[PDB]
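A.B. asks: My structure file final-v8.cif, mmCIF, C-alpha atoms, is below:
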data_run
loop_
_atom_site.group_PDB
_atom_site.id
_atom_site.type_symbol
_atom_site.label_atom_id
_atom_site.label_comp_id
_atom_site.auth_asym_id
_atom_site.auth_seq_id
_atom_site.Cartn_x
_atom_site.Cartn_y
_atom_site.Cartn_z
ATOM 1 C CA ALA E 1 0.000 0.000 0.000
ATOM 2 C CA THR E 2 1.260 3.508 -0.623
ATOM 3 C CA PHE E 3 0.947 6.295 1.936
ATOM 4 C CA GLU E 4 1.688 9.870 1.002
ATOM 5 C CA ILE E 5 2.650 11.851 4.119
ATOM 6 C CA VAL E 6 2.223 15.609 3.631
ATOM 7 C CA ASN E 7 3.386 18.333 6.009
ATOM 8 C CA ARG E 8 0.979 21.292 5.575
ATOM 9 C CA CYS E 9 2.196 22.850 8.926
ATOM 10 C CA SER E 10 4.133 26.091 8.804
ATOM 11 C CA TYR E 11 6.861 24.379 10.870
ATOM 12 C CA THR E 12 9.141 21.410 10.099
ATOM 13 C CA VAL E 13 8.061 18.002 11.359
ATOM 14 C CA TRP E 14 9.922 14.723 11.438
ATOM 15 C CA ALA E 15 7.450 12.100 10.232
ATOM 16 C CA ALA E 16 7.735 8.566 11.638
ATOM 17 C CA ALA E 17 6.212 5.247 10.547
ATOM 18 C CA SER E 18 6.551 2.014 12.534
ATOM 19 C CA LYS E 19 4.739 -1.194 13.410
ATOM 20 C CA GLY E 20 6.277 -1.270 16.938
ATOM 21 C CA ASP E 21 9.053 -3.803 16.407
ATOM 22 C CA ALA E 22 10.273 -2.511 13.003
ATOM 23 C CA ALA E 23 10.341 0.594 10.823
ATOM 24 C CA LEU E 24 7.784 0.958 8.007
ATOM 25 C CA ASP E 25 9.780 1.866 4.860
ATOM 26 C CA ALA E 26 12.659 4.201 5.976
ATOM 27 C CA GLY E 27 10.907 4.723 9.362
ATOM 28 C CA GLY E 28 11.356 8.489 9.501
ATOM 29 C CA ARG E 29 12.220 11.625 7.594
ATOM 30 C CA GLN E 30 12.361 15.348 7.950
ATOM 31 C CA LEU E 31 9.466 17.172 6.220
ATOM 32 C CA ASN E 32 9.783 20.897 5.773
ATOM 33 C CA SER E 33 6.575 22.922 5.327
ATOM 34 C CA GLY E 34 4.847 21.695 2.171
ATOM 35 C CA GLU E 35 7.015 18.578 1.658
ATOM 36 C CA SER E 36 5.498 15.176 0.812
ATOM 37 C CA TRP E 37 7.050 11.766 1.532
ATOM 38 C CA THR E 38 5.699 8.650 -0.202
ATOM 39 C CA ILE E 39 6.182 5.323 1.587
ATOM 40 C CA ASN E 40 5.317 1.772 0.725
ATOM 41 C CA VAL E 41 3.807 -0.379 3.476
ATOM 42 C CA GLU E 42 3.729 -4.161 2.992
ATOM 43 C CA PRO E 43 0.212 -5.650 2.531
ATOM 44 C CA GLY E 44 -1.007 -7.438 5.674
ATOM 45 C CA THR E 45 0.749 -4.968 8.016
ATOM 46 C CA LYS E 46 -1.096 -5.084 11.372
ATOM 47 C CA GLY E 47 -0.772 -2.326 13.967
ATOM 48 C CA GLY E 48 1.087 0.226 11.888
ATOM 49 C CA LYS E 49 1.267 3.841 13.075
ATOM 50 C CA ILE E 50 2.324 7.162 11.526
ATOM 51 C CA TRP E 51 2.977 10.267 13.618
ATOM 52 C CA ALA E 52 4.782 13.592 13.538
ATOM 53 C CA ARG E 53 7.672 14.558 15.811
ATOM 54 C CA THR E 54 8.414 18.189 16.655
ATOM 55 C CA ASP E 55 11.545 20.159 17.556
ATOM 56 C CA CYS E 56 14.093 17.468 16.656
ATOM 57 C CA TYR E 57 17.851 17.684 16.548
ATOM 58 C CA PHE E 58 19.744 14.902 14.763
ATOM 59 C CA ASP E 59 23.459 14.502 14.038
ATOM 60 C CA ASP E 60 25.086 13.096 10.830
ATOM 61 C CA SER E 61 24.421 9.444 12.052
ATOM 62 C CA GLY E 62 20.629 10.014 12.523
ATOM 63 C CA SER E 63 20.830 10.094 16.342
ATOM 64 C CA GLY E 64 19.305 12.834 18.426
ATOM 65 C CA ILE E 65 16.193 13.935 20.332
ATOM 66 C CA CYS E 66 12.653 15.329 19.598
ATOM 67 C CA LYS E 67 10.458 17.221 22.042
ATOM 68 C CA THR E 68 7.408 15.149 21.042
ATOM 69 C CA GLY E 69 7.180 11.627 19.654
ATOM 70 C CA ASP E 70 10.866 10.701 20.097
ATOM 71 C CA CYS E 71 11.420 6.987 19.174
ATOM 72 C CA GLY E 72 14.559 6.193 21.228
ATOM 73 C CA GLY E 73 16.519 9.117 19.723
ATOM 74 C CA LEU E 74 16.525 7.796 16.124
ATOM 75 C CA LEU E 75 15.643 9.674 12.931
ATOM 76 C CA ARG E 76 14.539 6.340 11.420
ATOM 77 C CA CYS E 77 12.031 4.968 13.907
ATOM 78 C CA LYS E 78 12.003 1.244 14.666
ATOM 79 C CA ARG E 79 9.700 1.601 17.738
ATOM 80 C CA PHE E 80 6.716 3.782 18.712
ATOM 81 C CA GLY E 81 7.216 7.351 19.852
ATOM 82 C CA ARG E 82 7.076 8.999 23.258
ATOM 83 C CA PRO E 83 3.717 10.745 23.977
ATOM 84 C CA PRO E 84 2.232 13.194 23.262
ATOM 85 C CA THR E 85 1.627 11.963 19.707
ATOM 86 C CA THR E 86 -1.523 12.243 17.587
ATOM 87 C CA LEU E 87 -1.618 8.825 15.872
ATOM 88 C CA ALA E 88 -2.717 7.616 12.448
ATOM 89 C CA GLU E 89 -3.282 3.856 12.978
ATOM 90 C CA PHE E 90 -3.901 1.133 10.462
ATOM 91 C CA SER E 91 -4.178 -2.576 9.908
ATOM 92 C CA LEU E 92 -4.106 -3.608 6.246
ATOM 93 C CA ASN E 93 -5.625 -6.616 4.384
ATOM 94 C CA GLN E 94 -7.336 -8.078 7.483
ATOM 95 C CA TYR E 95 -9.745 -10.613 5.993
ATOM 96 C CA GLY E 96 -10.163 -8.487 2.820
ATOM 97 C CA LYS E 97 -10.476 -5.101 4.543
ATOM 98 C CA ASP E 98 -8.258 -2.259 5.757
ATOM 99 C CA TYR E 99 -9.001 -0.552 9.094
ATOM 100 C CA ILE E 100 -7.894 3.026 9.803
ATOM 101 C CA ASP E 101 -8.357 5.446 12.659
ATOM 102 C CA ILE E 102 -6.888 8.475 14.386
ATOM 103 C CA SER E 103 -6.177 8.130 18.081
ATOM 104 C CA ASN E 104 -5.586 10.625 20.943
ATOM 105 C CA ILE E 105 -5.022 7.738 23.446
ATOM 106 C CA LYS E 106 -1.331 8.729 23.543
ATOM 107 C CA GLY E 107 -2.111 12.465 23.534
ATOM 108 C CA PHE E 108 -1.943 15.057 20.808
ATOM 109 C CA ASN E 109 0.882 17.051 19.334
ATOM 110 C CA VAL E 110 0.020 17.944 15.701
ATOM 111 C CA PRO E 111 -3.395 18.161 13.947
ATOM 112 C CA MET E 112 -3.950 15.484 11.306
ATOM 113 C CA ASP E 113 -6.171 14.255 8.476
ATOM 114 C CA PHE E 114 -5.961 10.545 7.464
ATOM 115 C CA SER E 115 -7.831 9.846 4.248
ATOM 116 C CA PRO E 116 -7.888 7.199 1.517
ATOM 117 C CA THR E 117 -6.588 8.320 -1.938
ATOM 118 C CA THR E 118 -8.558 5.397 -3.489
ATOM 119 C CA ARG E 119 -12.359 4.832 -3.616
ATOM 120 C CA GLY E 120 -14.583 3.105 -1.080
ATOM 121 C CA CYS E 121 -14.424 4.854 2.317
ATOM 122 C CA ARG E 122 -14.208 8.212 4.104
ATOM 123 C CA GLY E 123 -11.291 9.830 5.896
ATOM 124 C CA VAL E 124 -10.980 10.927 9.548
ATOM 125 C CA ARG E 125 -9.563 14.102 10.985
ATOM 126 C CA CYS E 126 -8.550 15.670 14.263
ATOM 127 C CA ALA E 127 -7.731 19.309 13.523
ATOM 128 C CA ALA E 128 -8.933 21.232 16.605
ATOM 129 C CA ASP E 129 -6.569 23.387 18.673
ATOM 130 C CA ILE E 130 -6.072 20.710 21.350
ATOM 131 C CA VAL E 131 -2.690 22.092 22.452
ATOM 132 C CA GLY E 132 -4.113 25.624 22.964
ATOM 133 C CA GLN E 133 -7.149 24.340 24.922
ATOM 134 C CA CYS E 134 -5.220 21.563 26.803
ATOM 135 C CA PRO E 135 -6.131 21.291 30.541
ATOM 136 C CA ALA E 136 -3.285 22.612 32.746
ATOM 137 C CA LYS E 137 -2.473 19.148 34.226
ATOM 138 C CA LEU E 138 -2.063 17.509 30.810
ATOM 139 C CA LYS E 139 0.113 20.199 29.157
ATOM 140 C CA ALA E 140 3.497 18.861 28.116
ATOM 141 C CA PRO E 141 6.382 21.385 28.584
ATOM 142 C CA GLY E 142 8.040 20.253 25.319
ATOM 143 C CA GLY E 143 4.756 20.995 23.574
ATOM 144 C CA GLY E 144 1.615 18.966 23.112
ATOM 145 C CA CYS E 145 -1.209 17.729 25.292
ATOM 146 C CA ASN E 146 -0.622 14.433 27.084
ATOM 147 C CA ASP E 147 -3.303 11.795 27.649
ATOM 148 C CA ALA E 148 -4.231 11.151 31.309
ATOM 149 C CA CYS E 149 -2.772 7.607 31.381
ATOM 150 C CA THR E 150 0.717 8.943 30.530
ATOM 151 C CA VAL E 151 0.398 11.650 33.191
ATOM 152 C CA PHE E 152 -1.254 9.853 36.120
ATOM 153 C CA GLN E 153 -0.602 6.124 35.488
ATOM 154 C CA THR E 154 -3.880 4.875 37.101
ATOM 155 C CA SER E 155 -5.843 1.732 36.269
ATOM 156 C CA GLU E 156 -8.801 3.963 35.316
ATOM 157 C CA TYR E 157 -7.019 6.186 32.796
ATOM 158 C CA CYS E 158 -4.862 3.330 31.389
ATOM 159 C CA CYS E 159 -7.803 0.879 31.364
ATOM 160 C CA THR E 160 -5.527 -1.735 32.909
ATOM 161 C CA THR E 161 -8.367 -4.044 34.098
ATOM 162 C CA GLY E 162 -10.198 -3.842 30.728
ATOM 163 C CA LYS E 163 -13.065 -2.028 32.531
ATOM 164 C CA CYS E 164 -12.758 1.701 32.534
ATOM 165 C CA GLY E 165 -15.116 4.514 31.699
ATOM 166 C CA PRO E 166 -14.716 7.933 30.070
ATOM 167 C CA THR E 167 -13.123 10.568 32.309
ATOM 168 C CA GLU E 168 -13.013 14.378 32.530
ATOM 169 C CA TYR E 169 -9.737 14.139 30.553
ATOM 170 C CA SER E 170 -10.911 11.732 27.842
ATOM 171 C CA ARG E 171 -14.081 13.879 27.359
ATOM 172 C CA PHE E 172 -11.856 16.909 26.660
ATOM 173 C CA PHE E 173 -10.174 15.092 23.696
ATOM 174 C CA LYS E 174 -13.562 13.722 22.571
ATOM 175 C CA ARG E 175 -15.294 17.128 22.640
ATOM 176 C CA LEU E 176 -12.603 18.660 20.364
ATOM 177 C CA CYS E 177 -12.101 15.570 18.133
ATOM 178 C CA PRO E 178 -15.148 13.310 18.121
ATOM 179 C CA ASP E 179 -13.729 11.202 15.258
ATOM 180 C CA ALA E 180 -10.611 10.105 17.176
ATOM 181 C CA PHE E 181 -10.275 7.516 19.997
ATOM 182 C CA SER E 182 -10.180 9.402 23.322
ATOM 183 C CA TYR E 183 -9.600 6.417 25.680
ATOM 184 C CA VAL E 184 -8.985 2.658 25.325
ATOM 185 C CA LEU E 185 -12.683 1.631 25.472
ATOM 186 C CA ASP E 186 -14.093 4.503 23.504
ATOM 187 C CA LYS E 187 -16.931 3.691 21.027
ATOM 188 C CA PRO E 188 -14.781 2.821 17.916
ATOM 189 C CA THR E 189 -14.200 5.492 15.297
ATOM 190 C CA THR E 190 -12.420 2.987 13.058
ATOM 191 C CA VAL E 191 -13.190 3.282 9.325
ATOM 192 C CA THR E 192 -13.385 0.147 7.193
ATOM 193 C CA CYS E 193 -11.840 0.548 3.726
ATOM 194 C CA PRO E 194 -11.491 -1.951 0.856
ATOM 195 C CA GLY E 195 -8.398 -4.150 1.245
ATOM 196 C CA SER E 196 -5.285 -2.712 -0.485
ATOM 197 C CA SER E 197 -6.468 0.919 -0.424
ATOM 198 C CA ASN E 198 -3.899 3.799 -0.607
ATOM 199 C CA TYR E 199 -3.833 6.752 1.770
ATOM 200 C CA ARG E 200 -2.654 10.247 2.552
ATOM 201 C CA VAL E 201 -1.750 11.515 6.013
ATOM 202 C CA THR E 202 -1.712 15.319 6.138
ATOM 203 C CA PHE E 203 -0.285 17.183 9.134
ATOM 204 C CA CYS E 204 -2.039 20.582 9.824
ATOM 205 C CA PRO E 205 -4.760 19.916 7.217
ATOM 206 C CA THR E 206 -6.504 23.253 7.848
ATOM 207 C CA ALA E 207 -3.511 25.572 8.675
#
Once more with this new file: its structure as structure tokens, please.

C.D. replies:
Amino acid sequence: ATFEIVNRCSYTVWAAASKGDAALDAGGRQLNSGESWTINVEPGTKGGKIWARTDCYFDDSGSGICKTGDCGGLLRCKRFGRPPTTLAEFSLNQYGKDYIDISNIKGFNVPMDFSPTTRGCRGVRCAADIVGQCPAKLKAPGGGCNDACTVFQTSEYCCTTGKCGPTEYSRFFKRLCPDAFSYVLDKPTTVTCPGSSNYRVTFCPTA
């Protein structure tokens, strides 16, 4: 499957793409404002994620640090990133269908649109000013708005027992972005697409 990753933000982002135990394609790249990066993701990939990292510094060997979404200090991510990270999530060719969603379960750093470039389904977006409206306790100094599980590490926010409910914090993400997962047991906002669809992930789709 092909994914075109577009940075429409006025600032540079370092895109990342991983399935948790391996990079997807190159795994990461710098995207200046307006740049597009096309990646190929193997059919049948389960649990893939794409996210943006902000305020990165990398040396000649691709080692460094980002203020949001750092994946063990690598430019080319092999693992998932440190919250806060708005996430584009996908599982491809699962019994003839692709499943896509946007998640705020690991917080929010950059607004995003995740849409198919092929026919058969709709896209999802979370483009509200979550960082600007972020509750004081969830604000991340490096930038972004953390989820409550990252901040407080309780069974209720992390849904550790598999029984949790919405919270004051999850309702904040849900009010601003109804089409994104706000907590582990949220009513699914997953979109089913035809198997082998192609997609575009756009950072800052409105601004």

A.B. asks: Report as a list in words the full result of the PyMOL selection byres ((chain E and resi 63) around 12) when it is applied to this structure.

C.D. replies: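 Output of the PyMOL selection byres ((chain E and resi 63) around 12): residues 28, 56, 57, 58, 59, 60, 61, 62, 64, 65, 66, 70, 71, 72, 73, 74, 75, 76 and 77 of chain E.
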
A.B. asks: Report the residues retrieved by the PyMOL selection byres ((chain E and resi 94-99) around 9) from the displayed file, expressed as a list in words.

C.D. replies: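 For this structure, the PyMOL selection byres ((chain E and resi 94-99) around 9) captures residues 44, 45, 46, 89, 90, 91, 92, 93, 100, 101, 190, 191, 192, 193, 194, 195, 196 and 197 of chain E.
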
A.B. asks: Output the residue selection produced by the PyMOL selection byres ((chain E and resi 156-164) around 12) on the file above, formatted as a ChimeraX atom specification.

C.D. replies: /E:105-106,146-155,165-171,182-186

A.B. asks: What is the CA of residue 128 in chain E to CA of residue 86 in chain E distance in Å?

C.D. replies: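 Atom-to-atom, CA of residue 128 in chain E and CA of residue 86 in chain E are spaced 11.7 Å apart.
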
A.B. asks: Check the smallest atom-to-atom distance from each of E:34, E:27, E:188, E:144 to residue 132 in chain E using all atoms listed in the file, then report the winner.

C.D. replies: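 Using all atoms listed in the file, the shortest distance to residue 132 in chain E belongs to E:144.
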
A.B. asks: Choose the residue, out of E:118, E:103, E:198, E:10, that has the smallest atom-to-atom separation from residue 40 in chain E; count only C-alpha atoms.

C.D. replies: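 Among the listed residues, the smallest separation from residue 40 in chain E belongs to E:198.
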
A.B. asks: For CA of residue 137 in chain E and CA of residue 12 in chain E, determine how far apart the two atoms are, in Å to one decimal place.

C.D. replies: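 Interatomic distance here is 26.9 Å.
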
A.B. asks: How far is it from CA of residue 121 in chain E to CA of residue 85 in chain E, in Å with one decimal?

C.D. replies: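 Between CA of residue 121 in chain E and CA of residue 85 in chain E the gap works out to 24.7 Å.
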